[PDB]
Amino acid sequence: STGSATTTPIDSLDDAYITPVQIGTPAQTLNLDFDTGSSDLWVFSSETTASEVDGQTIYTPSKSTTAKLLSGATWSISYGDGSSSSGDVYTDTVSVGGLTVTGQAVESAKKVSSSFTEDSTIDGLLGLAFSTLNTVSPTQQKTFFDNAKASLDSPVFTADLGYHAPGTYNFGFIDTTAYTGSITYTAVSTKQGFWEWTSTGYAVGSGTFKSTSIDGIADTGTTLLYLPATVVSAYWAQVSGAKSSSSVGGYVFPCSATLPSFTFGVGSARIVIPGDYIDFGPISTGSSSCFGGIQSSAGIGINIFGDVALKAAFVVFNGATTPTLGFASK
């Protein structure tokens, strides 16, 4: 089997991408944030505290003839940005782009933190990291991809995120028309439960490539590119007037600037992020200070190849017995 679904930016900045997901019978379609940095499929639901729901579409298990309470199971997750959610668990039929999994754990939120309530466009998350990170207790549950894997033509999914445009998540096949050149594959460590890999270096604009190992995660659920402070300082030093602002929370730059590209290495291959992808617009409406799309990871504990980086590539998440990542230009 295979599946193919379009993923759509939630706003004009590509802050996140939503993909329609069919849950239950008859189908209830919710728009979920596919997140290769986590491993829970959770949804706003009829059980979510009413004051914490503000425009999201909810899953109502009592209206699904295939829903079953997973008795005794609870979940609770805290994300790297400080947000969180928790609740109980149903199993139900879940379909993405024509690919159907029966018995998928659907984590129904009883509580969500304010950042979720305040974003009416995201109805929940669909985790695509390794199932070892799933938070369901006392019986850990598998991700949608792990449940689908055995049925897929090939045990892979691909992320093809758009710049200011829709893109595609494919399951079970690699669309050879979706990229240029060849796909370069690179080793993955699953020791932390992430799609963790080592970039071979970087360049700023037309500058020389610096060969240096940068360990980080491929994370579709993170907006920006978070790299070591040395690398980030080297980038922003090429933008007149750019500075790190403690009050704003990162590097800002004059909105009048033209940003240089940023290149990252994948083996001997190179992925070029155009400068325009690094512009996240005014820090507040009407400001002439703009927020940068490359930020320091120093306060995180891990480097994160988020959407800014991934949208410059066609990315293969190869879930074979020994997982690997593939990157191609497009």
# chains A, B, ... in the order shown; residues from 1 in each chain; ligands from 1
$ residues_around --residues "residue 265 in chain A" --least-positions-apart "4" --cutoff "12 Å" --atoms "only C-alpha atoms" --output "number ranges by chain"
A: 184-186, 197-204, 209-215, 269-273, 305, 309, 313, 326-329
$ residues_around --residues "residue 228 in chain A" --least-positions-apart "2" --cutoff "8 Å" --atoms "only C-alpha atoms" --output "JSON list (two decimals) with N, CA, C and O atoms, in the first residue's frame"
[["chain", "number", "residue", "atom", "x", "y", "z"],
["A", 226, "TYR", "N", 17.81, 25.44, 14.04],
["A", 226, "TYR", "CA", 18.54, 25.73, 15.26],
["A", 226, "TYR", "C", 19.89, 25.03, 15.21],
["A", 226, "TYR", "O", 19.96, 23.80, 15.16],
["A", 230, "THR", "N", 28.21, 29.21, 17.15],
["A", 230, "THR", "CA", 29.29, 29.60, 16.23],
["A", 230, "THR", "C", 28.77, 29.72, 14.80],
["A", 230, "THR", "O", 29.08, 30.68, 14.09],
["A", 231, "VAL", "N", 28.01, 28.72, 14.36],
["A", 231, "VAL", "CA", 27.47, 28.69, 12.99],
["A", 231, "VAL", "C", 26.49, 29.83, 12.79],
["A", 231, "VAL", "O", 26.52, 30.52, 11.77],
["A", 232, "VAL", "N", 25.61, 30.04, 13.77],
["A", 232, "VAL", "CA", 24.57, 31.05, 13.66],
["A", 232, "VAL", "C", 25.18, 32.45, 13.66],
["A", 232, "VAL", "O", 24.75, 33.32, 12.91],
["A", 296, "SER", "N", 20.16, 30.11, 17.36],
["A", 296, "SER", "CA", 21.06, 29.28, 18.14],
["A", 296, "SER", "C", 20.31, 28.16, 18.85],
["A", 296, "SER", "O", 19.26, 28.37, 19.45],
["A", 297, "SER", "N", 20.92, 26.98, 18.85],
["A", 297, "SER", "CA", 20.43, 25.85, 19.63],
["A", 297, "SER", "C", 21.02, 25.80, 21.04],
["A", 297, "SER", "O", 20.73, 24.87, 21.77],
["A", 298, "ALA", "N", 21.83, 26.79, 21.43],
["A", 298, "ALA", "CA", 22.61, 26.66, 22.65],
["A", 298, "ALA", "C", 21.75, 26.39, 23.87],
["A", 298, "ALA", "O", 22.17, 25.65, 24.77],
["A", 303, "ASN", "N", 20.67, 20.25, 18.19],
["A", 303, "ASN", "CA", 20.47, 21.01, 16.96],
["A", 303, "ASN", "C", 19.25, 20.46, 16.23],
["A", 303, "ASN", "O", 18.99, 19.25, 16.25]]
$ select_by_dssp --residues "range 40-96 of chain A" --states "strand (DSSP E)" --output "JSON list (two decimals) with N, CA and C atoms, in the first residue's frame"
[["chain", "number", "residue", "atom", "x", "y", "z"],
["A", 41, "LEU", "N", 0.08, 10.59, 18.41],
["A", 41, "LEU", "CA", -1.00, 11.09, 17.56],
["A", 41, "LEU", "C", -2.08, 11.51, 18.53],
["A", 42, "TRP", "N", -2.24, 12.82, 18.72],
["A", 42, "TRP", "CA", -3.23, 13.32, 19.66],
["A", 42, "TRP", "C", -4.09, 14.36, 18.97],
["A", 43, "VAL", "N", -5.33, 14.47, 19.46],
["A", 43, "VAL", "CA", -6.33, 15.32, 18.83],
["A", 43, "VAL", "C", -7.13, 16.09, 19.86],
["A", 68, "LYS", "N", -12.78, 2.53, 20.11],
["A", 68, "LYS", "CA", -12.83, 1.73, 21.33],
["A", 68, "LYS", "C", -11.92, 2.38, 22.37],
["A", 69, "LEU", "N", -12.44, 2.61, 23.57],
["A", 69, "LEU", "CA", -11.58, 3.12, 24.64],
["A", 69, "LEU", "C", -10.45, 2.13, 24.87],
["A", 70, "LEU", "N", -9.23, 2.63, 24.96],
["A", 70, "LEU", "CA", -8.08, 1.81, 25.36],
["A", 70, "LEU", "C", -8.05, 1.91, 26.88],
["A", 71, "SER", "N", -8.63, 0.92, 27.54],
["A", 71, "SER", "CA", -8.96, 1.04, 28.95],
["A", 71, "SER", "C", -7.71, 1.23, 29.80],
["A", 72, "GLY", "N", -7.73, 2.26, 30.65],
["A", 72, "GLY", "CA", -6.65, 2.53, 31.57],
["A", 72, "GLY", "C", -5.51, 3.34, 31.00],
["A", 73, "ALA", "N", -5.49, 3.60, 29.71],
["A", 73, "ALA", "CA", -4.36, 4.26, 29.08],
["A", 73, "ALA", "C", -4.50, 5.77, 29.20],
["A", 74, "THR", "N", -3.41, 6.43, 29.56],
["A", 74, "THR", "CA", -3.35, 7.88, 29.60],
["A", 74, "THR", "C", -2.09, 8.32, 28.90],
["A", 75, "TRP", "N", -2.03, 9.60, 28.58],
["A", 75, "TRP", "CA", -0.87, 10.16, 27.92],
["A", 75, "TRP", "C", -0.68, 11.58, 28.41],
["A", 76, "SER", "N", 0.56, 12.05, 28.31],
["A", 76, "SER", "CA", 0.91, 13.40, 28.73],
["A", 76, "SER", "C", 2.23, 13.73, 28.07],
["A", 77, "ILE", "N", 2.27, 14.86, 27.38],
["A", 77, "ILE", "CA", 3.45, 15.21, 26.61],
["A", 77, "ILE", "C", 3.80, 16.67, 26.85],
["A", 78, "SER", "N", 5.10, 16.94, 26.89],
["A", 78, "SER", "CA", 5.62, 18.29, 27.00],
["A", 78, "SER", "C", 6.63, 18.46, 25.88],
["A", 84, "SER", "N", 2.16, 21.74, 25.93],
["A", 84, "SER", "CA", 1.86, 20.44, 26.49],
["A", 84, "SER", "C", 0.40, 20.08, 26.26],
["A", 85, "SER", "N", 0.10, 18.80, 26.42],
["A", 85, "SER", "CA", -1.26, 18.30, 26.32],
["A", 85, "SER", "C", -1.30, 16.93, 26.99],
["A", 86, "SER", "N", -2.51, 16.48, 27.33],
["A", 86, "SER", "CA", -2.67, 15.20, 28.02],
["A", 86, "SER", "C", -4.11, 14.73, 27.89],
["A", 87, "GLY", "N", -4.30, 13.43, 28.12],
["A", 87, "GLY", "CA", -5.66, 12.90, 28.10],
["A", 87, "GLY", "C", -5.69, 11.39, 28.18],
["A", 88, "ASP", "N", -6.72, 10.82, 27.55],
["A", 88, "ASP", "CA", -6.91, 9.37, 27.50],
["A", 88, "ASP", "C", -6.81, 8.91, 26.04],
["A", 89, "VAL", "N", -7.11, 7.64, 25.77],
["A", 89, "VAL", "CA", -6.73, 7.02, 24.51],
["A", 89, "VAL", "C", -7.86, 6.15, 24.00],
["A", 90, "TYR", "N", -8.13, 6.26, 22.70],
["A", 90, "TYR", "CA", -9.01, 5.37, 21.97],
["A", 90, "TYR", "C", -8.18, 4.68, 20.90],
["A", 91, "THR", "N", -8.63, 3.52, 20.46],
["A", 91, "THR", "CA", -8.14, 3.01, 19.20],
["A", 91, "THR", "C", -9.22, 3.23, 18.15],
["A", 92, "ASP", "N", -8.80, 3.52, 16.93],
["A", 92, "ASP", "CA", -9.74, 3.76, 15.85],
["A", 92, "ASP", "C", -9.01, 3.60, 14.53],
["A", 93, "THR", "N", -9.79, 3.65, 13.46],
["A", 93, "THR", "CA", -9.23, 3.61, 12.11],
["A", 93, "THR", "C", -8.78, 5.00, 11.71],
["A", 94, "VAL", "N", -7.55, 5.08, 11.20],
["A", 94, "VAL", "CA", -6.95, 6.35, 10.82],
["A", 94, "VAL", "C", -6.43, 6.20, 9.40],
["A", 95, "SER", "N", -6.79, 7.15, 8.53],
["A", 95, "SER", "CA", -6.32, 7.14, 7.15],
["A", 95, "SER", "C", -5.65, 8.46, 6.80],
["A", 96, "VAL", "N", -4.54, 8.36, 6.08],
["A", 96, "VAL", "CA", -3.77, 9.52, 5.62],
["A", 96, "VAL", "C", -3.57, 9.33, 4.12]]
$ atom_distance --atom1 "CA of residue 154 in chain A" --atom2 "CA of residue 172 in chain A"
4.7 Å
$ closest_residue --among "A:144, A:17, A:116, A:195" --to "residue 40 in chain A" --atoms "only C-alpha atoms"
A:144
$ residues_around --residues "range 178-180 of chain A" --least-positions-apart "4" --cutoff "12 Å" --atoms "only C-alpha atoms" --output "number ranges by chain"
A: 158-162, 167-170, 173-174, 184, 271, 311-316, 326-330
$ atom_distance --atom1 "CA of residue 121 in chain A" --atom2 "CA of residue 57 in chain A"
8.6 Å
$ atom_distance --atom1 "CA of residue 227 in chain A" --atom2 "CA of residue 256 in chain A"
24.4 Å
$ select_by_dssp --residues "range 76-212 of chain A" --states "alpha helix (DSSP H)" --output "PyMOL selection string"
chain A and resi 114-117+144-148
$ residues_around --residues "residue 193 in chain A" --least-positions-apart "6" --cutoff "6 Å" --atoms "only C-alpha atoms" --output "list in words"
residues 130, 132 and 133 of chain A
$ write_last_selection --atoms "N, CA and C atoms" --output "compact mmCIF listing (two decimals), in the first residue's frame"
# COMPACT_ATOMS: atom_id res chain seq x y z
N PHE A 130 10.35 7.95 16.46
CA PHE A 130 10.33 6.53 16.77
C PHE A 130 9.39 6.25 17.93
N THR A 132 9.50 4.55 20.48
CA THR A 132 10.08 4.58 21.82
C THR A 132 9.80 5.89 22.55
N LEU A 133 9.46 6.97 21.84
CA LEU A 133 9.12 8.23 22.49
C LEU A 133 7.63 8.37 22.81
$ closest_residue --among "A:308, A:323, A:128, A:207" --to "residue 171 in chain A" --atoms "only C-alpha atoms"
A:128
$ closest_residue --among "A:148, A:225, A:248, A:50" --to "residue 109 in chain A" --atoms "only C-alpha atoms"
A:50
$ residues_around --residues "residue 324 in chain A" --least-positions-apart "6" --cutoff "6 Å" --atoms "only C-alpha atoms" --output "list in words"
residues 186, 187, 188 and 318 of chain A
$ write_last_selection --atoms "C-alpha atoms" --output "PDB file, in the first residue's frame"
ATOM      1  CA  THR A 186      23.012   9.440   5.601  1.00  0.00           C
ATOM      2  CA  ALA A 187      23.082   7.397   8.791  1.00  0.00           C
ATOM      3  CA  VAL A 188      20.520   7.817  11.577  1.00  0.00           C
ATOM      4  CA  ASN A 318      13.718   5.438   5.601  1.00  0.00           C
TER       5      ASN A 318
END
$ decode --residues "range 161-292 of chain A" --atoms "C-alpha atoms" --output "CSV table (one decimal), in the first residue's frame"
chain,number,residue,atom,x,y,z
A,161,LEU,CA,7.4,20.8,2.3
A,162,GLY,CA,6.7,23.9,0.3
A,163,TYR,CA,8.0,27.5,0.6
A,164,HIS,CA,5.0,29.7,1.0
A,165,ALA,CA,3.1,26.9,-0.7
A,166,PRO,CA,1.6,23.4,-0.1
A,167,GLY,CA,3.7,20.3,-0.3
A,168,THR,CA,3.3,16.6,0.1
A,169,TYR,CA,3.8,13.7,2.6
A,170,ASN,CA,4.0,10.3,0.9
A,171,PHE,CA,4.0,6.9,2.6
A,172,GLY,CA,5.4,3.8,1.1
A,173,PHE,CA,7.1,5.1,-2.1
A,174,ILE,CA,9.6,7.6,-3.3
A,175,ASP,CA,8.2,10.0,-6.0
A,176,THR,CA,11.2,10.2,-8.4
A,177,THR,CA,9.5,13.2,-10.1
A,178,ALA,CA,9.5,15.3,-6.9
A,179,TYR,CA,13.3,16.1,-6.8
A,180,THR,CA,16.2,16.9,-9.0
A,181,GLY,CA,19.5,15.1,-9.1
A,182,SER,CA,20.1,12.2,-6.7
A,183,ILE,CA,19.1,11.5,-3.1
A,184,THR,CA,22.0,11.4,-0.7
A,185,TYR,CA,21.4,9.0,2.2
A,186,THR,CA,23.0,9.4,5.6
A,187,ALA,CA,23.1,7.4,8.8
A,188,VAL,CA,20.5,7.8,11.6
A,189,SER,CA,20.9,7.2,15.3
A,190,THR,CA,17.7,6.2,17.0
A,191,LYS,CA,19.3,6.3,20.5
A,192,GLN,CA,17.2,9.4,21.5
A,193,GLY,CA,14.1,8.4,19.6
A,194,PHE,CA,14.6,11.0,16.9
A,195,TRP,CA,15.6,11.0,13.2
A,196,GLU,CA,19.1,12.1,14.4
A,197,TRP,CA,21.9,12.5,11.8
A,198,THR,CA,25.2,14.3,11.3
A,199,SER,CA,25.5,17.1,8.7
A,200,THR,CA,28.9,17.4,7.2
A,201,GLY,CA,29.2,21.2,7.4
A,202,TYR,CA,27.8,24.5,6.1
A,203,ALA,CA,28.4,27.6,4.0
A,204,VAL,CA,27.0,31.1,4.3
A,205,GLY,CA,26.0,32.7,1.0
A,206,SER,CA,28.7,32.4,-1.6
A,207,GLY,CA,31.3,31.7,1.1
A,208,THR,CA,33.6,28.6,1.3
A,209,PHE,CA,32.1,25.5,2.8
A,210,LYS,CA,33.2,24.7,6.3
A,211,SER,CA,33.6,20.9,6.9
A,212,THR,CA,32.4,20.2,10.4
A,213,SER,CA,30.2,17.6,11.9
A,214,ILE,CA,26.8,18.9,13.1
A,215,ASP,CA,24.6,16.4,14.9
A,216,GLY,CA,20.9,17.2,14.8
A,217,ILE,CA,17.4,16.0,14.2
A,218,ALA,CA,15.2,16.2,11.2
A,219,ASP,CA,12.0,17.8,12.8
A,220,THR,CA,9.0,18.7,10.6
A,221,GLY,CA,7.3,20.0,13.8
A,222,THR,CA,9.8,22.8,14.4
A,223,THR,CA,9.6,25.9,12.3
A,224,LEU,CA,13.2,27.2,12.4
A,225,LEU,CA,16.7,25.9,11.9
A,226,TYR,CA,18.5,25.7,15.3
A,227,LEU,CA,22.3,25.3,15.0
A,228,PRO,CA,25.4,25.9,17.2
A,229,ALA,CA,26.0,29.5,18.2
A,230,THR,CA,29.3,29.6,16.2
A,231,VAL,CA,27.5,28.7,13.0
A,232,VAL,CA,24.6,31.1,13.7
A,233,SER,CA,26.9,34.0,14.5
A,234,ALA,CA,28.8,33.4,11.2
A,235,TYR,CA,25.5,33.5,9.3
A,236,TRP,CA,24.1,36.7,10.9
A,237,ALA,CA,27.5,38.5,10.7
A,238,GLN,CA,26.9,38.6,6.9
A,239,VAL,CA,23.6,40.7,7.4
A,240,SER,CA,24.2,44.4,8.2
A,241,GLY,CA,22.5,45.4,11.3
A,242,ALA,CA,21.6,41.9,12.5
A,243,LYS,CA,21.9,41.2,16.2
A,244,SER,CA,20.8,38.8,18.9
A,245,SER,CA,18.1,40.4,21.0
A,246,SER,CA,17.6,38.9,24.4
A,247,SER,CA,14.2,40.8,24.7
A,248,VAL,CA,12.9,39.4,21.4
A,249,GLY,CA,14.4,35.9,22.0
A,250,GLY,CA,16.9,35.5,19.1
A,251,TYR,CA,18.5,37.0,16.1
A,252,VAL,CA,16.6,39.9,14.4
A,253,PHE,CA,17.6,41.8,11.3
A,254,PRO,CA,16.5,44.9,9.5
A,255,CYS,CA,13.5,44.2,7.3
A,256,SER,CA,15.3,46.2,4.6
A,257,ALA,CA,18.1,43.6,4.4
A,258,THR,CA,18.6,41.0,1.7
A,259,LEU,CA,19.5,37.7,3.4
A,260,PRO,CA,22.2,35.4,2.1
A,261,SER,CA,21.6,31.7,1.5
A,262,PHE,CA,22.7,29.0,3.9
A,263,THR,CA,24.1,25.7,2.7
A,264,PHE,CA,24.2,22.5,4.8
A,265,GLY,CA,26.1,19.3,3.9
A,266,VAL,CA,24.6,15.8,3.6
A,267,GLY,CA,27.6,13.6,3.0
A,268,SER,CA,29.3,15.1,0.0
A,269,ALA,CA,26.0,16.7,-1.2
A,270,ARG,CA,24.8,20.2,-0.4
A,271,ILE,CA,21.3,21.6,0.3
A,272,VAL,CA,21.0,25.3,-0.3
A,273,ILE,CA,18.4,27.2,1.8
A,274,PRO,CA,17.6,30.5,-0.2
A,275,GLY,CA,17.9,33.7,1.9
A,276,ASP,CA,14.2,34.4,1.5
A,277,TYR,CA,13.4,31.2,3.5
A,278,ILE,CA,15.2,32.7,6.5
A,279,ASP,CA,12.9,35.7,6.7
A,280,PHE,CA,10.2,35.3,9.3
A,281,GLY,CA,8.9,38.8,9.0
A,282,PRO,CA,8.4,41.7,11.4
A,283,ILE,CA,8.7,40.8,15.1
A,284,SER,CA,5.4,42.7,15.7
A,285,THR,CA,3.0,44.2,13.2
A,286,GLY,CA,4.5,47.2,11.6
A,287,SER,CA,8.0,46.7,13.0
A,288,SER,CA,11.0,47.2,10.8
A,289,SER,CA,12.9,44.5,12.8
A,290,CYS,CA,12.4,41.1,11.3
A,291,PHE,CA,12.9,37.7,13.0
A,292,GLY,CA,15.5,35.3,11.7
